[PDB]
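Below you'll find the structure, written out as structure tokens, and then a few comments.
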Amino acid sequence: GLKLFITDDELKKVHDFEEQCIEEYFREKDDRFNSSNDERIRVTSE
Amino acid sequence: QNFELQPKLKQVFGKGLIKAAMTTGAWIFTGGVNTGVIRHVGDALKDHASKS
């Protein structure tokens, strides 16, 4: 019932949205790693 | 034609136009093909605009 049979163009926009969300998640955890305390101490010390 | 620049001038000015496009949301007309100034601004948006 919750099985929306999307056409090809709608499905393609769903893919493009999903790739965008993957890129935001990856850049966000890279941001969290580069702004965490431990990495700041490491880069500062070196 | 294809050229090359100093790394400090390429990084600072390359960061300047890409964060200009962040605030103003502008359209950026280029030559399109990767040679010279277009190859420099492609690497410029791939420098810090690819992470923002």
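Taken in sequence, the protein lines are chains B and A.
Mapping the first sequence onto the authors' numbering, position 33 (from 1) lands on 1189, and the numbers just tick up by one.
Mapping the second sequence onto the authors' numbering, position 34 (from 1) lands on 191, and the numbers just tick up by one.
All residues carry an ideal CB built from backbone N, CA and C; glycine is no exception.
Distance between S209(A) and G182(A) (C-alpha atoms, nearest Å): 13 Å
Any contact between the segment 1181-1190 of chain B and the segment 168-176 of chain A? By contact I mean 3 or more CB pairs, one from each, below 8 Å. Result no; under three Cβ-Cβ pairs closer than 8 Å.
DSSP on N159(A), reduced to helix/strand/coil? coil
Thinking C-beta only, is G193(A) closer than 9 Å to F160(A)? Yes, these two residues count as a Cβ contact at 9 Å.
Determine the DSSP secondary structure at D204(A), reduced to helix, strand or coil. coil
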